[PDB]
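Trainee: an experimental structure, sequence included, is below.
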Amino acid sequence: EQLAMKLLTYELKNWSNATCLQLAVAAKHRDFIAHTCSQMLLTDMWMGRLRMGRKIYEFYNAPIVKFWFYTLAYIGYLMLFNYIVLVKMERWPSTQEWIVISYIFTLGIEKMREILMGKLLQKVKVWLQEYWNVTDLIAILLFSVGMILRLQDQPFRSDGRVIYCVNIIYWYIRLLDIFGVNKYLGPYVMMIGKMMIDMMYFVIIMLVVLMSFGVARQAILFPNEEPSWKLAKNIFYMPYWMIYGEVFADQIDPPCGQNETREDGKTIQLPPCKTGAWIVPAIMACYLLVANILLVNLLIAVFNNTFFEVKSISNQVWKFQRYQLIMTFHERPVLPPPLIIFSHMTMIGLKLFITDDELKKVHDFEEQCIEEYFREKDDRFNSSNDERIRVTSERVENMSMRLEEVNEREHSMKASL
Amino acid sequence: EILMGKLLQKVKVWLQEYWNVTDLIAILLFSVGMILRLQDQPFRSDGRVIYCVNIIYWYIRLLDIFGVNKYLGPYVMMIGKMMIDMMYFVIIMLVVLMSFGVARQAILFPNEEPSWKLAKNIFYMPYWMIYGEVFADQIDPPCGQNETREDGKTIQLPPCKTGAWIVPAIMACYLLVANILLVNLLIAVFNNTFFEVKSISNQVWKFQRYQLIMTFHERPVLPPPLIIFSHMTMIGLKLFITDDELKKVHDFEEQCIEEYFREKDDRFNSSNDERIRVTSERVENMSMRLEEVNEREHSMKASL
Ligand SMILES: CC(C)CCC[C@@H](C)[C@H]1CC[C@H]2[C@@H]3CC=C4C[C@@H](OC(=O)CCC(=O)O)CC[C@]4(C)[C@H]3CC[C@]12C
Ligand SMILES: CC(C)CCC[C@@H](C)[C@H]1CC[C@H]2[C@@H]3CC=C4C[C@@H](OC(=O)CCC(=O)O)CC[C@]4(C)[C@H]3CC[C@]12C
Ligand SMILES: CC(C)CCC[C@@H](C)[C@H]1CC[C@H]2[C@@H]3CC=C4C[C@@H](OC(=O)CCC(=O)O)CC[C@]4(C)[C@H]3CC[C@]12C
Ligand SMILES: CCC1(c2ccccc2)C(=O)NCNC1=O
């Protein structure tokens, strides 16, 4: 095992000092990375120096501690954001909002720094591979728009506040990326992401049925109604909530034409109903029979069938992404985003080098491993039942012919004697 | 039972039983409640509330009693096992619920002092939406409009607020995720895990039967209410056998071992793989012998 670990990572002068892990990643060979040896090596790197001035340094520059510090900074920023949104804001921002804005601005600067680390188009193409980093940029742009709008006169400030309120949701949901590190959680997130296509295919049909029912209900009643714009809302509004247990029992089949004295009041004569008002309830049944009991159970069955395959694929993919996570957090500076401005002002390993004797030793070990592999492969092949049967049949055929030749020859001898 | 100088080892062994820890904790809470209940009025109701909260543990403790039944015990074990997956679901549901509640609270009530009600308001309404309550009254209130109503003078409502039409839309997406996406995933997880958990639970219960039986064999006859007399008085599994019976048992064991080895060898030698291997080897040897005779037979032709 130790020699395997050493072989997996060592500079190759012939191949541009690229270790086996880098080549496997470039080839996207998930099986190689998912192997136990590579996973153990990645875990060893994750713990950095601890693996359980110099005393401080080993703890400080380990990737795991940097990950924890970044996570804590993010959590604090999130807490401040919540406090800001809930409480009233004056004309000028408070200290908390200044801190939040500075954090966002520095994070955007750090994203630009990652972009730049004349090939810029290739760098952008590579960067687009990370889907999270696109939504992050979009959310930052929306936040900047909200900030610009919030500092104007009264008519715009509330719009800026609403922009903040809508934007907070993305940052609240971004915690899935942080959770990704956990063994159990990451695959769960991947499966959740995968199921959304089936969810959308269900949604289309549900939307069709809901539109039909809403249009029918709206048309049956309110005969003399001007177009306006409320009709489009009314179509979608009521039926959508019926999926979740609200049936509006008050206004299913109103009494309409009847005498309703009620109590503590004079008798009131209600309108004499309308033509074809008894068809709405019946329809309201069929819709509920379809949206609730038919499609949802089908979706459940689809999930059950897809679960196993999605689980396996997600596990392998997360084991593959571990390496990118580890290297990304190894490269990053120690100070969390709020204070990385100093690191950027200052701005303004994976592989271990080995001695010649060790290189020759590793080469010898590799050749020995190859020889053992081929010998074992041949031994397994020659012990297969099919090969043994084939050899037995061929040798039996040859023996039969030789036996016949001897028998015919033995016949000649009888005459000789 | 703890006492039946090794006391640390006894405690370490005792901690293995998870029920016996919660039992002690509940007893301590009950003692605290009893002490509080006998003071003046301001504390007596707090003691009563302590009793009311404590009763739940004793009501749920009946699962241990049910454990003896063949069917029930495995069910309890499976229920206990599924809670990890339940927790993993709960974390994500909590994240989504917090996001929705904070958004709803922030969109409305712009001029609101911090106080402490906000933390409640965030969690309160969204949690119940999972179970069929949508608060139809206060989804999209009419706000800015004329509402004469009846048996009353005309009342002019506030002119709504900016961005109040975004809350309903959000309220849809949340419901589309919490209710139809995560729950069905949890159902699928349960379906996949059921078989393995069932088998493991059956085996584990069959293992725990012995501990149950011995524990209740050792205990005194009188139930706990009257065990004080037994303790004041305080203040089998194996049968002994004769020598001849011991020798007989040893002979039977040796015979069983001999039969086991003989049957194992008989099964091994009748395998198809071994027969094919022997056939091939003997055929090869026969072929060589046939060739040797044939070459030798050629010599004889010259001899004749
Ligand atoms: C996972 C993260 C997002 C934590 C949850 C976010 C918010 C729900 C929490 C985080 C810190 C909390 C605050 C901590 C301190 C205070 C001040 C405190 O108000 C008072 O001091 C006045 C007391 C009174 O008059 O009653 C209570 C509310 C508030 C804003 C709390 C309300 C809810 C906050 C913003
Ligand atoms: C899919 C299956 C299982 C449905 C089971 C229940 C339905 C058959 C019930 C539920 C609600 C009922 C409706 C509730 C109210 C009315 C108004 C009622 O109108 C009248 O009879 C008076 C006017 C007239 O037609 O003369 C006609 C039946 C209808 C549609 C009822 C017919 C049967 C419905 C659709
Ligand atoms: C996930 C899919 C299947 C959702 C299906 C139904 C939704 C599209 C419906 C349900 C409730 C509807 C909302 C109910 C009320 C309103 C207020 C309405 O506000 C206005 O148009 C007046 C002010 C203005 O914007 O000019 C805008 C649409 C909205 C969010 C409706 C738009 C469509 C919604 C989200
Ligand atoms: C850009 C990624 C991240 C991050 C991601 C996972 C864990 C910790 C931090 C962030 O999104 N916000 C704070 N700084 C960061 O680099």
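Mentor: Thanks, I have the structure now. Numbering: from 1, shown residues only, chains lettered A, B, ... in the order given. Ligands and ions are numbered 1, 2, ... in the order given.

Trainee: which stretches in the stretch 1-150 of chain A count as helices?
Mentor: Along the stretch 1-150 of chain A, the segments classed as helices by DSSP state H, counting those that start in this stretch run A:2-8, A:20-27, A:30-34, A:36-46, A:54-60, A:63-86, A:95-116, A:120-127, A:132-150.

Trainee: and if you look at the stretch 251-400 of chain A?
Mentor: Under DSSP H, counting those that start in this stretch, the stretch 251-400 of chain A gives helices at A:279-291, A:295-331, A:340-347, A:356-382, A:385-416.

Trainee: about what we covered before: quick one: closest of the helices of the stretch 1-150 of chain A to ligand 3.
Mentor: Of all the helices of the stretch 1-150 of chain A, helix A:132-150 sits nearest to ligand 3, with 17.6 Å by Cβ to the nearest ligand atom. Placement of C-beta: from N, CA and C, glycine included.

Trainee: is the closest one positioned near chain B?
Mentor: No. If you take Cβ under 8 Å from any Cβ of the partner chain as the test, helix A:132-150 misses chain B, and the best it gets is 11.7 Å.

Trainee: compute the inter-axis angle for that helix and helix A:95-116.
Mentor: 140 degrees (axes from the mean of the first three to the mean of the last three Cα atoms, to 10 degrees).

Trainee: can the helix or strand following helix A:132-150 be found next to chain B?
Mentor: Scanning forward in sequence from helix A:132-150 by DSSP states H and E, the next helix or strand is helix A:154-173. Yes. Applying Cβ under 8 Å from any Cβ, one finds helix A:154-173 touching chain B at A:158-159, A:161-162, A:164-166, A:168-169, A:172-173.

Trainee: and which of the residues you listed is nearest to ligand 1?
Mentor: Closest approach to ligand 1 among the residues of helix A:154-173 next to chain B (Cβ to the nearest ligand atom): residue A:172, at 7.6 Å.

Trainee: skipping its backbone neighbours, what lies nearest the closest one in space?
Mentor: residue B:99 (3.9 Å; Cβ to Cβ, 6 or more residues apart in numbering or on different chains).

Trainee: SS state for the residue in the stretch 151-300 of chain A that ligand 4 sits nearest to?
Mentor: Using Cβ to the nearest ligand atom, residue A:178 is the residue of the stretch 151-300 of chain A that sits closest to ligand 4, at 4.7 Å. Here residue A:178 is helix, with the state taken from DSSP: H, G, I helix; E, B strand; the rest coil.

Trainee: buried residues, stretch A:175-193. List them.
Mentor: Within stretch A:175-193, the residues that count as buried by 16 or more other Cβ atoms under 10 Å in any protein chain shown are A:175-176, A:179-181, A:185-192.

Trainee: from ligand 2, how far out is the residue of the stretch 151-300 of chain A closest to ligand 4?
Mentor: Note on residue A:178: its distance to ligand 2, by Cβ to the nearest ligand atom, to the nearest Å, is 48 Å.

Trainee: residue A:97 now?
Mentor: Taking Cβ to the nearest ligand atom, one finds residue A:97 at 55 Å from ligand 2.

Trainee: tell me, how many residues neighbour that residue?
Mentor: Using other Cβ atoms under 10 Å in any protein chain shown, residue A:97 has 18 neighbouring residues.

Trainee: that one against residue A:90, yeah?
Mentor: No. Residue A:97 sits out of contact with residue A:90 when judged by Cβ atoms under 8 Å, with a separation of 10.0 Å.

Trainee: hmm, back to that, present the helices of the stretch 1-150 of chain A as a markdown table; the columns should include distance to ligand 4.
Mentor: Conversion of those to a markdown table gives the following (distance: least, Cβ to the nearest ligand atom, whole Å):
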| stretch | distance to ligand 4 |
| --- | --- |
| helix A:2-8 | 26 |
| helix A:20-27 | 20 |
| helix A:30-34 | 20 |
| helix A:36-46 | 14 |
| helix A:54-60 | 17 |
| helix A:63-86 | 4 |
| helix A:95-116 | 6 |
| helix A:120-127 | 12 |
| helix A:132-150 | 6 |
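
Trainee: ok, the residue of chain A found nearest ligand 2 - how many residues close by?
Mentor: Proximity of chain A to ligand 2 (Cβ to the nearest ligand atom) peaks at residue A:278, 3.3 Å away. Counted with other Cβ under 10 Å, the neighbours of residue A:278 add up to 11.
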